[PDB]
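Below you'll find only one chain, the form deposited in one PDB entry, shown as structure tokens.
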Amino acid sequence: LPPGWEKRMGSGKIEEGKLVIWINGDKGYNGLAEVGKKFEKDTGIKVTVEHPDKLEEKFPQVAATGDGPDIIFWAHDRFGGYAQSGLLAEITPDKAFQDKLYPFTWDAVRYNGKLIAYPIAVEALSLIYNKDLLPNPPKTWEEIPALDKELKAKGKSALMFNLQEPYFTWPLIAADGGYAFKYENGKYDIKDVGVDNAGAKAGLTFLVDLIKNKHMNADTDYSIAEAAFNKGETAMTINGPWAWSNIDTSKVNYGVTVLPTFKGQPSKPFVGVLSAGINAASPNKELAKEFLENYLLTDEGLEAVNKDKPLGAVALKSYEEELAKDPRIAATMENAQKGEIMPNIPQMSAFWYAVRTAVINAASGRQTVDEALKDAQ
């Protein structure tokens, strides 16, 4: 199980009197660092924002040995698993603080009756399109192939998104009836990975058909997708609010809109709530609580992070109402509403690993759409 246990053995594990915060590379870590500086000026407490690669997997490795950051940022879906491993301190906001956030966001970070993290923003994938190449985006997945060959004559592609992470292809898979775990009447039934049904099958086959007919390459990743769109080579892409910042600086005239339908049914992106949890091994819990409640989760705090990279629909009511006017955010919520909030059950990491492989192989010439979808059942 453990990696890197030997190195840190005698090094003072999590430093006292300091704050170490981890957050994914695609998020506004400089904006967060600004809140840190505001925190440093008021308290003398030094804040250090880092963005390690493979964050979602590096944290459970180091935290299991009493290591890592005081504060861990990630979508809520992996927090129940962190909680079951005893990596998270329980958080104690009072009622007056909880009322400042949307109740549905606290539910996303509630595991076994306990609040295990602070909600920050609601994330959902949307269709992002180049208006100069495509003033009106297609409403259906089915009209993409015809659109793509049309654009091919001009040396442009129709659609390019990250095919390595199942997060980006999940809304296709779930549009017709695919699902992770049955949620019947309050609690999830793990004994039916609904990733096997016809609805799921029909979704991935189309993606596989899109690569069979050369409309998409199966080796396309986040960096390749972002580059093709931001330079102006592809007309559409699929991404979250965090990506808007790099697109903004590329001067592609872009719009953010509802994901394409499939079989007359909307794509259902897996909705993620960006959350901040406190390491169980942190000797700075009160400092972390003070930082999170009175510095980050304020209008000034969220604005700083947002200006760097858009968080989407923030969990804090007061700062939200100022953002709702942004149609890109409206589009995010529209897609979120058509999708479903990810569960936080510990099985999710297992789910994600399976589907990921189940998607890569089926999209490639290594396994079929069943030697991958049964391989993940």
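A residue's number is simply how far along the shown sequence it sits, counting from 1.
Of the two stretches examined, 166-174 and 127-135, the record assigns the greater average C-alpha temperature factor to 166-174. The mean C-alpha temperature factor is higher for 362-370 when 18-26 and 362-370 are set side by side. Listed residues 254, 179, 79, 244 were ranked by CA B-factor as deposited; 179 comes out on top. Of the candidates 299, 107, 142, 286, the PDB record gives 142 the highest C-alpha temperature factor. Placement of the Cα temperature factor of residue 51 within the chain: lowest third of the modelled residues, per the deposited record. The PDB entry assigns residue 62 a C-alpha temperature factor belonging to the middle third of its chain's modelled residues. Ranked against the other modelled residues of its chain, the C-alpha B-factor of residue 335 as given in the entry falls in the lowest third.
Among all modelled residues in this chain, the alpha-carbon of residue 204 has a temperature factor (C-alpha) in the highest third. In the PDB entry, residue 191 places in the highest third of its chain by CA B-factor.
The following text describes the form deposited in another entry, which does not appear among the structures shown.
Under a division of the chain into two rigid parts between the shown form and the other one, the C-alpha atoms of residue 83 and residue 259 are best fitted by different superpositions and thus lie in separate parts. Shown here is a form in which the CA atoms of residue 69 and residue 356 lie at least 3 Å closer together than they do in the other entry.
Relative to the displayed conformation, the Cα-Cα distance from residue 318 to residue 334 shrinks by 3 Å or more in the other entry.
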